[PDB]
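Enquirer: Provided hereafter are the protein sequence and its experimental coordinates.
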Amino acid sequence: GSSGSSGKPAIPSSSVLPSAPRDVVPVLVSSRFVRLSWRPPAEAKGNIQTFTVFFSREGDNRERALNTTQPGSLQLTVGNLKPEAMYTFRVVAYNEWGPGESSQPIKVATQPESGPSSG
């Protein structure tokens, strides 16, 4: 796994930035959506607005971005996915400063939904 080669000038050395979240694990995965649960960062260094969760289909390079969590919850359910397909979910903390350390990219295979398989 190697992808990124990106960066901006005058950027903070992940000092006053929030530490990467706990290895996000697929507590609950569905055929259409996939829920994820992770622990909040102890050192936010300011005030966190929300958590950004990415998701992309196998092969493809780009990915969407869904940021929306409850007031006091680090759980976010991502829907509108494709069944019988490997997806790569991620998690990032966006605080006053900005996006701190990026979490580890996980791979979850959606559950089989009315698969075309001939028996």
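Expert: Sure thing, it's come through. Numbers count the residues shown, from 1 in each chain.
Enquirer: Next SSE downstream of the single longest strand found in the chain?
Expert: Among all segments of the chain classified by DSSP state E, the strand with the greatest residue count is strand 48-57. Next in sequence after strand 48-57, counting helices and strands by DSSP states H and E, comes strand 64-67.
Enquirer: Can you name every helix or strand that the longest strand of the chain contacts?
Expert: Using 3 or more C-beta pairs under 8 Å, 6 or more residues apart in numbering; DSSP states H and E as the contact criterion, the neighbours of strand 48-57 among helices and strands are strand 64-67, strand 75-78, strand 86-89, strand 92-95. For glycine as for every other residue, the C-beta is placed from the backbone atoms N, C-alpha and C.
Enquirer: what about 10 Å?
Expert: Contact here means 3 or more C-beta pairs under 10 Å, 6 or more residues apart in numbering; DSSP states H and E; on that basis strand 48-57 packs against strand 34-37, strand 64-67, strand 75-78, strand 86-89, strand 92-95.
Enquirer: Take these and write them to CSV, including distance to residue 110.
Expert: Formatted as CSV, the helices and strands packed on strand 48-57 follow (distance: least, C-beta to C-beta, whole Å):
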stretch, distance to residue 110
strand 34-37, 7
strand 64-67, 15
strand 75-78, 11
strand 86-89, 6
strand 92-95, 22
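Enquirer: Nearest to residue 6, out of these?
Expert: Ranking the helices and strands packed on strand 48-57 by their distance to residue 6 (criterion: C-beta to C-beta) puts strand 92-95 first, at 13.8 Å.
Enquirer: Now do the closest one: everything it contacts.
Expert: Contact with strand 92-95 is made by 16-21, 38, 40-41, 44-54, 65, 67, 74, 98-103, as judged by C-beta atoms under 10 Å, 6 or more residues apart in numbering.
Enquirer: mind checking how far the spatially most central residue of the chain is from residue 112?
Expert: For the chain, the residue sitting closest to the mean C-alpha position, by C-alpha atoms, centre = their mean, is residue 90 at 2.3 Å. Computed as C-beta to C-beta, to the nearest Å, the residue 90 to residue 112 distance reads 24 Å.
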